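> 3D, please:
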Amino acid sequence: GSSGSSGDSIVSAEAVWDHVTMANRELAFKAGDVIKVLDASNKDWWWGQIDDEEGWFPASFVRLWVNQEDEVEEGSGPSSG
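Numbering: from 1, shown residues only. Sharing the structure here:
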């Protein structure tokens, strides 16, 4: 047969940077695209689901929404005469 379940928690991450891919398989997106995490078996490998697009996206290149961490980095200095 086939059965099974698991905690009901939906995680939503946001592409921090453009993750280009030479292959179609990989779920490509642009900084901003919001992907819906379905399963997170691996430690740094989860399957994402986009409105039309679908595939697996890197967790090391995305920023979680329900994150409990705070980083300090903005960067500045455009130019100076």
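
> ranges for the strands of the protein?
According to DSSP state E, the chain carries its strands in the segments 11-15, 34-39, 45-49, 54-58, 62-64.

> what lines up beside the longest one in the sheet?
In this case it means strand 34-39. In the sheet, strand 34-39 lines up against strand 11-15 (antiparallel), strand 45-49 (antiparallel) (DSSP bridges).

> repeat for the last one
For strand 62-64, the paired strands and their directions (DSSP bridges) are strand 11-15 (antiparallel).

> list the buried residues of the strand it pairs with.
Using 16 or more other Cβ atoms under 10 Å as the test for burial, strand 11-15 gives 11, 13, 15. C-beta here means a position set from N, CA and C on the backbone, and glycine is covered the same way.

> isn't the second one right up against residue 62?
I take that to be residue 13. Yes. Using Cβ atoms under 8 Å, residue 13 is in contact with residue 62, at 3.8 Å.

> anything in contact with each of these two?
The contact sets of residue 13 and residue 62 overlap at residue 35 (Cβ atoms under 8 Å, 6 or more residues apart in numbering).

> endpoint to endpoint, stretch 60-72 covers what distance?
Chord length of stretch 60-72, first to last residue, is 18 Å (Cα to Cα, to the nearest Å).

> do the same with stretch 39-56
10 Å.

> OK, contacts around the nearest residue to residue 14 once chain neighbours are set aside?
Among residues not flanking residue 14 along the chain, residue 63 sits closest, at 5.0 Å (Cβ to Cβ, 6 or more residues apart in numbering). Under the criterion of Cβ under 8 Å, 6+ apart, the contact list for residue 63 reads 13, 14, 16.

> OK, contacts around the second one?
Which is residue 14. For residue 14, the contacting residues are 32, 33, 34, 62, 63, 65, taking Cβ under 8 Å, 6+ apart as the criterion.

> got it, and the first one?
Residue 13 sits next to 34, 35, 37, 48, 57, 59, 62, 63, 64, 65 when contact means Cβ under 8 Å, 6+ apart.

> residue 25 now?
With Cβ under 8 Å, 6+ apart as the criterion, the residues that contact residue 25 are 55, 56.
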